[PDB]
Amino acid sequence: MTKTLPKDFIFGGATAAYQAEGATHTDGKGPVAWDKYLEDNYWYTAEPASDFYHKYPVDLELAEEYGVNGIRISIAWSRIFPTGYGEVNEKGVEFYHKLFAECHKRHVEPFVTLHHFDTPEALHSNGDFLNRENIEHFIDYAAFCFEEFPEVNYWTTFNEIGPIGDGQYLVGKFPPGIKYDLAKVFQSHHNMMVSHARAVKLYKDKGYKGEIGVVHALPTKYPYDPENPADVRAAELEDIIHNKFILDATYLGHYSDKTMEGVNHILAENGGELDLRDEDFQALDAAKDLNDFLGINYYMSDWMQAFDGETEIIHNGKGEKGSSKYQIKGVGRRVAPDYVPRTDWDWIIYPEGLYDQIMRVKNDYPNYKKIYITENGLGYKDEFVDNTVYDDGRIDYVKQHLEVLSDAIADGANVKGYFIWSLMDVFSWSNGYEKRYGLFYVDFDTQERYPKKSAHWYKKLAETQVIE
C-alpha cells in the first residue's frame, strides 16, 4: 500500500564546484566574484569548503556504498580558463579527467554543469551575462569542454538562471549586489538563455554521444486568496518573473503574448529597457526541441498577494525565522500562509507544489521530453551526535516529495531521476556553513564524513524502490 518508483530511477546526490571544491587559489585557479564579495559582505569564506578537490575519492566510495548511482558535479570555468578565455589551464583540465574517471569506476554517473554561479571574475566584473561579449566566451568555453571531456554522457549548461537574476539584480544577495533592478533581471534571463540555446545547438551539431539540457529553478507561485483576481494576477506576474519568461524561451523559442504583456507592465511600473535582437530569437528558436531533459530544482512554494506600496525585499540569511520581506511595486507581496510548516530561513515546506509544477510544465510545454529532479533537500542546523545526525525531519521532507513524484509519474509525467541536495555538507551561498543539507555530515575541521540517518534511509530506498 506504499508508493514505489521505477526500477530504473536515478537516485543521485548533488554538488557545486565553488561550494565543495575549495582550493580557490590552487593549481592556477582564477578568481571568481565570490572571492572578494564573501570576504566583504559575509562571515565566512569558500575555504576550505568541504575539500572535494582532494576528497572526491572518499565521497564517491561512500556514495557508492549507500546506493547513489548519479551525481551532479560542475566544472569551474575559472579552473580551465582562469581569465574566462585565452589560455587553458593544464592542471585544471587534468583534475576533471581524474574526477570523472573516479565517478565511472565507482558506478556513479556524472551529470556535469558548465556554469553554477561562478562566472570567472574578469568577465563578471564586466557586466556578467548582461554584456553580450561574455556570451561569446561562454559558447567558446562550452565547445572546449564538449571536446575535451568525452567521458561525460550528460551535460547541463546553466544551473538556475532565474535565481541568478534574482540574486544579483533584484535581491542583491549575490554579487554585484544590485537591488530592485528588474530590467537587468530580464535582460539577464534573456541573455543567458541565448547562451544556452547556442551551446545546446553546437553540442547537437558536432554530434557528440550523450545528452544536454537545462537546470531551472521553479518554485510554484499561488495567489493568497484564489477567489481574488488581484491575488491571481499577483501570482501571475511573480511567476512570469521567475518561471514563465525563461520556460517560454526554453520551449517556444520566443516569449508568449501573456509573458510579454505581464513583462511590459512590470517594466512600466518600475521602469526599464529590454534589448532584444532578432538574431537572439533565431538562436532560441533553433534550440527549442534540442533539449534532451529538463532538470527541475525545487524547494518551496510562494503565495502572492496584491500590493500597492514601494518595493522592498529583505533576505533572511541568518535563519531568523520570520525576518523575510518581499514586496514589489506593481507585482505583489509574499504572504506566508498561516499554518504551513517552514524552516528557520522561511522556506515553506509544501510537497504538492512540486507535483503542480510538473503537471504545469507537462501541460504547457509538451516537448519537455524528460524530467529529472536535479535539486531537492532540507537545510537546517543538524545536531551531530553519536557520529551521526538523526535527521528524521530531513527524511520526512524527502519522503514526501518522492511520494509526490511517484504520483506525477503515475499521472503521465516522465520523471526519470531525483537528486538530493546535497551529497555531503557544503557551505551555503548566502547562509554560511550553518545551513546543512547533506546525506553525509562533514566536520569542517577534520573534513571527516559521517553518514547521517538519511544516508542509511537513502540506501534502502535506492535498492528497494519503495518509499517507506
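Numbers for residues come from their place in the sequence shown, where the first is 1.
Please work out which of 257 to 265 and 390 to 398 has the higher mean CA B-factor as recorded in the PDB entry.
Comparing 257 to 265 with 390 to 398, the higher mean C-alpha B-factor belongs to 257 to 265.
Average Cα temperature factor in the PDB entry - higher stretch of 175 to 183, 70 to 78
Taking the mean C-alpha B-factor of 70 to 78 and of 175 to 183, the larger value falls to 175 to 183.
Per the PDB entry, which option out of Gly207, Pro110, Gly353, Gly295 has the greatest Cα B factor?
Top of the list by C-alpha B-factor: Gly207.
Compare the CA B factors listed in the entry for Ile313, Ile371, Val215, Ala286 and report the winner.
Each of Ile313, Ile371, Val215, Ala286 was compared by C-alpha B-factor; the highest is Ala286.
CA B-factor placement of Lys325, once the chain's modelled residues are sorted into thirds:
Answer is lowest: the recorded C-alpha B-factor places it there.
Looking at the entry's B-factor column for C-alpha atoms only, identify whether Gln305 ranks in the lowest, middle or highest third of its chain.
For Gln305, the deposited C-alpha B-factor lands in the middle third.
For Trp34, does the deposited CA B-factor place it in the lowest, middle or highest third of the chain?
Middle third, going by the recorded CA B-factors of the chain.
Based on the entry's values, in what third of the chain does the Cα temperature factor of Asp225 lie: lowest, middle or highest?
Ranked within chain, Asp225 CA B lands in the highest tercile.
B-factor third for the C-alpha atom of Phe11 within its chain
It belongs to the lowest third of the chain when residues are ordered by C-alpha B-factor.
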